[PDB]
Structure formats: structure tokens, C-alpha cells
Amino acid sequence: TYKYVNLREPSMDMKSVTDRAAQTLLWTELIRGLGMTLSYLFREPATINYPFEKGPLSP
Amino acid sequence: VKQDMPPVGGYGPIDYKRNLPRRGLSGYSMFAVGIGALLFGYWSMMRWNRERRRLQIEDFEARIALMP
């Protein structure tokens with residue numbers, strides 16, 4: 001019972017290698033990372049206003 | 001009766017897939033639309049520069065006729 005990783009080779013088909021080349025020379029997934037961070041920007045924060053709102057506890 | 005904490009008849013499953021959409025354009029399409037907007041900007045740039053040179057030649061003619 002195991003699942004070992006990093007089993008992909010860089011595919012020598014022209015489609016996959018030109019997609020990785022356009023990824024390298026067009027800065028794509030960096031913009032995808034910026035999109036994820038903006039997706040957490042427009043959320044609502046989980047900050048309790050501490051000296052008034054005191055945090056939850058246990059019995 | 002007894003009042004432990006059991007699960008009620010079984011609960012739903014929770015996923016364990018690396019759920020990735022990998023969306024966005026391909027290499028060829030993004031490449032071509034970038035170069036197309038580039039060439040659009042080049043054509044408009046060429047037009048504005050040559051009409052601007054026409055007007056700047058008119059400014060030269062103004063200083064020529066003004067001088068003596």
C-alpha cells in the first residue's frame with residue numbers, strides 16, 4: 001500500500017513542450033498565484049476585536 | 001439509556017483528490033493573441049508617428065519663414 005510521486009516525464013509531444021515554454025516565457029502560474037492571493041483578499045477576516053469580543057473557550 | 005457520542009448511522013465521505021482545474025489558455029492561443037495586440041499597437045503607432053512628422057515639418061516651415 002503505497003503511492004510514490006514524481007512520476008511524469010516532460011512530454012516530448014510538441015503541444016506539452018510548447019505549453020511549458022509559453023509558461024516559462026509568459027509568466028503564467030505566477031499570475032495564477034496572484035489570483036489565488038486576491039481570492040483571499042476579497043474574503044472577510046476572522047479577527048475578533050479582542051478587548052471587547054473575547055475569544056471562545058470550553059467548559 | 002446511554003448517552004455517548006456515536007456517529008448517527010454513518011456520515012458522508014470527504015474527498016482526497018488533488019483537485020486542480022489547470023484552466024487558462026494554451027501556448028498557441030495566448031501567444032497569438034499577445035502578438036496580435038502587439039501588431040495592432042505597431043500599426044497605430046506607425047500611423048500616429050507619420051502624421052506627427054507631418055505636423056513637425058509644418059513647425060520647421062514656420063521657423064524658416066519667420067527667420068530673416
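Please treat every number below as a calculation from the coordinates, not as lab data. Reconstructed Cβ throughout: ideal geometry from the backbone, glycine too, with neighbour counts over all protein chains shown.
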In whole Hz, with x marking every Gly and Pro, tabulate ³J(HN,Hα) for region A:12-27 from phi via Karplus 6.51 cos²θ - 1.76 cosθ + 1.60, θ = phi - 60°.
7, 5, 5, 5, 5, 6, 6, 6, 5, 5, 5, 4, 6, 9, 10, 6
Find the Cα radius of gyration of chain A, compare it with 2.2 N^0.38 Å by division, and give the number to two decimals.
2.12
Under Stokes-Einstein, the protein assembly as shown at 37 °C and 0.692 mPa s, with its Kirkwood radius over C-alpha pairs, diffuses with a coefficient in µm²/s of 140 µm²/s
Hull surface over four for the Cα convex hull of chain B, reported in nm², is 12.8 nm²
Report the longest stretch of chain B that contains none of the trypsin sites (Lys or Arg not before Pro) sitting in a DSSP loop with at most 13 other Cβ atoms within 10 Å.
B:24-68
For the Cα atoms of chain B, what angle does the longest principal axis make with the long axis of helix B:27-66, in degrees from 0 to 90, nearest 10?
20 degrees
Measure nothing but the geometry: give the 0 to 90° angle between the long axis through the Cα atoms of A:28-41 and the longest principal axis through the Cα atoms of chain A, rounded to 10°.
10 degrees
